[PDB]
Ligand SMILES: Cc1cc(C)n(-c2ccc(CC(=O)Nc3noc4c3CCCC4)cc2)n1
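Take a look at this single chain in structure tokens; it is the form deposited without the ligand.
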């Protein structure tokens, strides 16, 4: 029976990445919303899956402490350099948040007030497949419910990696696993509802009509507007979901997902109304997304995430 680690209960198995807490708050970032796969299994210790490894992460004011569970295969040891470089990339630590916050507050009076309390909110750089199917599950859904759908989906379809205490960790499934003749039926038993059909159909579509997961990497290299349009050809992927994926997995920092909640924030906190009829809609939604890119600049999606974190708490 292997156990989740804490920094005190096994110090020899942890490795540090220098990182001030003003650049990264784990409790604000790893909290369900961007990813649905991290859980605080003991206080201040976040455990979750990256690719095919399980990690536990914790931090001081100055350091990000990391430990990785490779399975029953290897002898237990500290994270390697390359494994740490993965986390560095995952948290996009090359991007200075202090500078971004400063720039956003300079033209946005409301962001300034809000951001004081909620520093260290950045965007994870997520796997496109995981991101796509997680956000297909997000339509007309809440975070708690999405988290359950995603976990149950991984448990039924993805490979087992390891078990820690009562938690069995699964990798996110590949396209082929989600595309089969039984997939939708199974996913309905897991409670996805109508979302079940879109998961299977989008997996099939990518495989049969786009040339497999290599297509998702091409979108990572394509410009935001083309990637966004391409994603909107998938079953169940409209503007909000395409924008989520653009921002969180295809390196498009200007992508700004718009739904009824963003509409709320914008109207209440920014006084925004559409300069158009509106008797929400796709053109009005895009206008709101344009309002925020106009206001915040090319990292508008990142600024939005700060506000979404502040509102949720």
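Residue numbers count along the first chain shown, from 1.
Only in words, not in the display: the form solved in complex with the ligand, which the text now covers.
K.L.:
Quick check: superpose the C-alphas round the site, drop in the ligand from its position in the entry with it bound, and tell me whether this chain leaves it open or blocked (blocked if 3+ atoms sit within 2.4 Å of backbone or C-beta).
P.N.:
Open: no clashes with backbone or C-beta.
K.L.:
Only one of 226-234, 156-164, 142-150, 80-88 gets a heavy atom within 4.5 Å of the ligand in the entry with it bound; which is it?
P.N.:
Flagged stretch: 142-150.
K.L.:
Is residue 55 near the ligand? Define near as a heavy atom within 4.5 Å, in the entry with it bound.
P.N.:
No.
K.L.:
Does at least one non-hydrogen atom of residue 312 fall within 4.5 angstroms of the ligand in the entry with it bound?
P.N.:
Close contact exists here: in the entry with it bound, residue 312 approaches the ligand to within 4.5 Å, heavy atoms only.
K.L.:
Using heavy atoms and a 4.5 Å limit, would one call residue 42 a contact residue for the ligand in the entry with it bound?
P.N.:
Looking in the entry with it bound, residue contacts with the ligand do not include residue 42, since no heavy atom lies within 4.5 Å.
K.L.:
Residue 240: heavy atom within 4.5 Å of the ligand in the entry with it bound?
P.N.:
Result yes; residue 240 sits at the interface with the ligand in the entry with it bound.
K.L.:
Though the ligand is not shown, can you say which of 34, 285, 59, 67 has a heavy atom within 4.5 Å of it in the entry with it bound?
P.N.:
For this set of options, the contacting one is 34.
K.L.:
Is it true that 30, 48 and 169 each have at least one non-hydrogen atom within 4.5 Å of the ligand in the entry with it bound?
P.N.:
No, the whole trio is out of contact, none within 4.5 Å by any heavy atom.
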